[PDB]
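Just one chain is shown here, as structure tokens, and it is the form deposited in one PDB entry.
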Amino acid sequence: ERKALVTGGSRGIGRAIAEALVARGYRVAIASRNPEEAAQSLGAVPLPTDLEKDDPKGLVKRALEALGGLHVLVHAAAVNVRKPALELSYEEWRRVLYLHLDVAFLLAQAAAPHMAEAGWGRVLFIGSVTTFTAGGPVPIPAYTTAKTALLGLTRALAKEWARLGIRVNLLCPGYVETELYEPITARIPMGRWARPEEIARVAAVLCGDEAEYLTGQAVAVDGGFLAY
């Protein structure tokens, strides 16, 4: 009976989250460019889409109609341009910010009215260790900025929609399997990278009744990396 839309749900963390939601009895729709196999394997509705191109509210409408309602939104679509600030063009910077941040805003804005109508909703943005740091040995200023920006959007939307029955949170995965590895892994207390399913367990919690009084927060699932 709860209806969920997961962007970037055919691979990595997005797929793991979609699977976790199906396991909870949710009716799920997976949006990505080629969601056929993922939708078939997980038992979800496929919604082929190119979010760097297609109108976000158009996708929400498609999900609403395919699922017969909409209660949960998970934005896990990804893209990145790994270049330092001095080499990055305005176009590349905007490409990253658009998909991670602007699309997050537009998708949530479009989905909110439907969650409000149901009097229950869950919005889960996907953060990163770069929501709190600069990525360490990797040059990713645009990504870092976008993932940190999501924390602000998370607080802002959580404040605004709390009375509507909607909870808005930011799941920040640590280093997950989807001269750099060694130093990073040494900063992970658990001593290993995460399995997508391990991240998805928490995503599911933030998508369910467990988060009834939990909103406007970032939850880091990083094997102890940030605490190190």
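Numbering starts at 1 and runs along the sequence shown. Heads up, when I say rigid core I mean the largest set of C-alphas that superpose within 1.5 Å between the two forms.
Taking the root mean square of CA deviations in 4 other deposited structures of this protein after fitting on the rigid core, 179-187 and 199-207 differ, and the farther of the two is 179-187. Missing coordinates between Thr178 and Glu179 amount to 10 or more residues of the deposited sequence. Note on 93-101 vs 130-138: mean CA B-factor is higher in 130-138.
Relative to one another, 180-188 and 159-167 have unequal mean CA B-factors, and 180-188 is the one with the higher figure. Between the residues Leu67, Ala203, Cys172, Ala39, it is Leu67 that shows the highest Cα B-factor in the PDB record. Among all modelled residues in its chain, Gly9 ranks in the middle third by Cα B-factor.
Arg122 sits in the lowest third of its chain by CA B factor, as recorded in the PDB entry. Ranked by Cα temperature factor within the chain, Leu21 sits in the middle third according to the deposited record.
For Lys147, the recorded CA B-factor ranks within the middle third of the chain. Only modelled residues enter the ranking.
In the PDB entry, a CA B factor belonging to the middle third of its chain's modelled residues is recorded for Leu88.
Just so it is clear, the following notes concern the form solved in complex with a small molecule, a form of the same protein that is not shown.
Stretch-level contact check against the small molecule in the bound PDB entry with heavy atoms at 4.5 Å: of 84-92, 70-78, 154-162, 112-120, the positive one is 70-78. Proximity of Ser10, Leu51 and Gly174 to the small molecule in the bound PDB entry is complete: all three residues have a non-hydrogen atom within 4.5 angstroms. Not displayed here, the small molecule is kept clear of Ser41 by more than 4.5 Å at the level of heavy atoms in the bound PDB entry.
In the bound PDB entry, the small molecule sits within 4.5 Å of a heavy atom belonging to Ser32.
Residue contact check for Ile126: one or more of its heavy atoms lie within 4.5 Å of the small molecule in the bound PDB entry.
Using a 4.5 angstroms limit between non-hydrogen atoms, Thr185 is distant from the small molecule in the bound PDB entry.
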